[PDB]
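Asker: The structure that follows is given in the form of structure tokens.
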Amino acid sequence: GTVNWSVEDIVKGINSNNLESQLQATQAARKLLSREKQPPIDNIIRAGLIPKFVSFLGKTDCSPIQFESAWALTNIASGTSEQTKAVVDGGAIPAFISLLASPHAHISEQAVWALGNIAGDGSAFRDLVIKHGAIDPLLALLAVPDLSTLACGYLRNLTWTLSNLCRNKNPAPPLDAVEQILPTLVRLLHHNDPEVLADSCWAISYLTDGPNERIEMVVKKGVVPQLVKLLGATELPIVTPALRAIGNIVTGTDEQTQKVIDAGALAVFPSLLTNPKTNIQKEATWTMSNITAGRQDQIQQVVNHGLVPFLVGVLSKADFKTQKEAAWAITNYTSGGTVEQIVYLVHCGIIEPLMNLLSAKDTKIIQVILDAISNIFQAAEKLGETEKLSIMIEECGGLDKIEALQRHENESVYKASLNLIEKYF
Amino acid sequence: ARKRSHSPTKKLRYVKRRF
């Protein structure tokens, strides 16, 4: 009945003065915009239909046309930034915010979804949705004693839209908006649905991707233990955002990092640092690199949890990006560590893989490795065992690699290699 | 030894079409 209409027929129906004809044409538009392959969004926009749909959003007496137009506009807003902008330019934001209070749950859900797409376009539309007052009604939709009474799809859509309100930087979301959203986010972070958990973790990861004051806003809510628990989940879609959030948090101050450690995060890293998903391994090793950049007691907790052998493992075999993160972790470790910690590192077998990685073409990883070797040599000097370390490097085939780097294009690599050769070889 | 922040996301827009 409303299937496979032409845009011409849709226009004729919507331009009729008959609300039922308008409803049928709007539903045909919705079905066109819901097709799997290349929905004709641009044709619908060029036909001038967005203002009509937006006006239909306000037909409180015809809830079906509200729903159909909300769905059509949601799918238009799901397209390119220009198509989302076409929806915003038609006045859709305040109309959808008004629909958030609809007594019909499917209409409220559709408005939530549409605002999620609009905010997901970027920081400008995110902040514009916020300025029009979306957060209060959105959060009111979740003000129930037990989230489990809400329909699963409804709650998932609310969580996703809230996550888009937390997303993007340059600028980051307004501080007052983040403080307004965070308590509901914590509650959602304790929900049992895997998709709600995943999107809540993503929102926290966004909110912690910034300066230390944003991180502090988050960690003062006490969510770090829940994030560690989720770090241990079996569902990769939960572990990925949980790990991103924990890594962001350990980019902060030593005290925030210590909050991560105290919550028991390090005990999860034997599995994370051997995870079959390359992205998990890379992100876990980056997190480790930022933990080894911390205090000597924090390096010591890395040692106690038995993680140095796992760093040697990643450095020995992993995708190259993860090996680069591991090199960074080793260099930070040797920069901040005691002499005893550095000798422990050597005793775990770091030198041979660290030397094998000097065969790489990336200049940055070579510089990182040369810095680490210099630090290890400084510790050896403090112990008077520099000759033993030199022999160690020579047996690995590393002296050849260093003396070869003496002929490298980068000045820093050149000078560092020559300095090592002159002082210790 | 300084902390290193995460790389900028290359996914700049997050939108969902309702099928």
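Chain order of the listed sequences is A and B. Take the first sequence: its letters are residues 1 to 425, numbered as in this note's numbering. Take the second sequence: its letters are residues 1001 to 1019, numbered as in this note's numbering. The beta carbon of each residue, even a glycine, is placed where N, CA and C say it ideally should be.
#1: Keeping to the same chain, check which residues put their C-beta closer than 8 Å to that of A/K12; ignore five residues upstream and five downstream.
#2: Taking C-beta to C-beta, are A/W113 and A/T161 nearer than 8 Å?
#3: Contact check, A/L266 vs A/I246 under 8 Å by CB: the rounded distance?
#4: Could you list which residues in chain B have their beta carbon closer than 8 Å to that of A/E36, in chain order?
#5: Would you report the Cα separation of residue 449 of chain A and A/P211, rounded to the nearest angstrom?
#6: Taking contact to mean 3 or more Cβ pairs, one atom from each stretch, closer than 8 Å, check whether the region 293-313 of chain A and the region 380-392 of chain A are in contact.
#7: Roughly how many angstroms lie between the CA atoms of A/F377 and A/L231, to the nearest whole one?
#8: On a Cα-Cα basis, can you pick out the residue from A/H191, A/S16, A/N17 and A/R30 that is closest to A/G1?
#9: Looking at A/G294 and A/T334, is the spacing between their C-beta atoms short of 8 Å?
#10: May I have the straight-line CA-CA distance separating A/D61 from A/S102, to the nearest angstrom?
#11: Can you pull the chain A residues whose beta carbon is under 9 Å from the beta carbon of B/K1016, in chain order?
#12: Can you give me, in chain order, the residues of the region 292-309 of chain A that have a beta carbon less than 8 Å from any beta carbon in chain B?
#13: Return yes when the Cβ of A/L420 is within less than 8 Å of the Cβ of A/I402, no when it is not.
#14: Do A/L175 and A/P137 have their CB atoms nearer than 8 Å?
#15: Distance check for A/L189 and A/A284, CA to CA, integer angstroms please.
#16: Mind pulling the chain A residues with CB within less than 8 Å of B/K1010?
#17: Output the distance between the C-alpha atoms of A/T159 and A/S148, rounded to the nearest integer angstrom.
#18: Under a Cβ-count criterion, where at least 16 other Cβ atoms within 10 Å of its own Cβ denotes burial, should B/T1009 be classed as buried or exposed?
#19: DSSP three-state call for A/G398: helix, strand or coil?
#20: Is A/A177 closer than 8 Å to A/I135 when the C-beta atoms are compared?
#21: Strictly below 8 Å CB to CB, what residues from chain B border A/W71?
#22: Could you pull out every unbroken alpha helix (DSSP H) segment of at least 4 residues lying fully inside the region 119-199 of chain A, listed in chain order?
#23: Excluding the five sequence neighbours on either side, which residues of its own chain have a C-beta within less than 6 Å of the C-beta of A/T208, listed in chain order?
#24: Tell me, please, whether the CB atom of A/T251 is closer than 8 Å to any CB atom in chain B?
#25: Between A/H106, A/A77 and A/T251, which lies nearest to A/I41 when the distance is taken from Cα to Cα?
#26: Terminal residues of the continuous alpha helix (DSSP H) containing A/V54?
#27: List the residues of chain B whose Cβ lies closer than 7 Å to the Cβ of A/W5, in chain order.
#28: By Cβ distance, which residues of its chain are closer than 6 Å to A/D362, with the 5 residues on each side in sequence left out?
#29: Determine whether the beta carbon atoms of A/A327 and A/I365 lie at a separation below 8 Å.
#30: Quick one: using the 10 Å Cβ neighbour count with 16 as the cut-off for buried, is A/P173 buried or exposed?
#31: What separation, rounded to the nearest whole angstrom, lies between the Cα atoms of A/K220 and A/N170?
#32: Give the straight-line distance between the Cα atoms of A/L345 and A/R187, rounded to the nearest whole angstrom.
#33: Count the other CB atoms, across all protein chains shown, that sit within 10 Å of the CB of A/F425; report buried if there are 16 or more and exposed otherwise.
#34: What residues from chain C crowd round A/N248, counting only those whose CB sits closer than 9 Å?
Answerer: The short version:
#1: Within the same chain, Cβ atoms closer than 8 Å to the Cβ of A/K12 are found at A25, the five residues on either side in sequence being excluded.
#2: In this structure, A/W113 places its C-beta atom within 8 Å of the C-beta atom of A/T161.
#3: Contact doesn't hold; Cβ gap of about 11 Å is too wide.
#4: The contacting residues are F1019.
#5: Given a span of 1 to 425 for chain A in the structure shown, any question on residue 449 of chain A remains unanswerable.
#6: These segments do not touch.
#7: Their backbone Cα atoms lie some 36 Å apart in a straight line.
#8: If we check each option's Cα against that of A/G1, A/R30 comes out closest.
#9: Not in contact: A/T334 and A/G294 (Cβ atoms no closer than 8 Å).
#10: If you draw a straight line from the Cα of A/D61 to the Cα of A/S102, it comes to about 12 Å.
#11: Here the neighbours are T74, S78, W113, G116, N117, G120, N157 and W160.
#12: The residues in question are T292 and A293.
#13: In this structure, A/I402 lies near A/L420, with their beta-carbon atoms less than 8 Å apart.
#14: No, the pair does not count as a contact, with Cβ atoms beyond the cut-off.
#15: Cα atoms of A/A284 and A/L189: separation of roughly 21 Å, rounded to the nearest angstrom.
#16: Neighbours of B/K1010 on chain A: none; closest Cβ ~13 Å, over 8 Å.
#17: Their backbone Cα atoms lie some 13 Å apart in a straight line.
#18: Exposed is the label assigned to B/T1009, since fewer than 16 other Cβ atoms lie within 10 Å of its Cβ.
#19: DSSP places A/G398 in helix when its eight states are reduced to three.
#20: The answer is yes: Cβ separation under 8 Å.
#21: Taking the beta carbon of A/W71 as reference, the chain B residues within 8 Å of it are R1018, listed in sequence order.
#22: Within the region 119-199 of chain A, the complete alpha helix (DSSP H) segments of 4 residues or longer fall at 123-131, 135-140, 152-165 and 175-189, listed in chain order.
#23: For A/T208, where only same-chain residues beyond five positions count, the Cβ hits under 6 Å are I215, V218, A245, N248 and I249.
#24: A/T251 counts as touching chain B.
#25: Among A/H106, A/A77 and A/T251, the Cα nearest to that of A/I41 is on A/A77.
#26: Looking at the DSSP string, the run of the alpha helix (DSSP H) that includes A/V54 is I50 to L57.
#27: Within 7 Å Cβ-Cβ: nothing; A/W5 doesn't reach chain B, min ~17 Å.
#28: Scanning its chain for C-beta atoms nearer than 6 Å, with the 5 sequence neighbours on each side dropped, one finds no residue around A/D362.
#29: Cβ atoms of A/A327 and A/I365: closer than 8 Å.
#30: It counts as buried.
#31: Here the alpha carbon of A/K220 sits roughly 24 Å from the alpha carbon of A/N170.
#32: Rounded to the nearest angstrom, the two C-alpha atoms are 42 Å apart.
#33: Per the 10 Å Cβ criterion, exposed.
#34: Of the protein chains in the structure, A and B, none is chain C.
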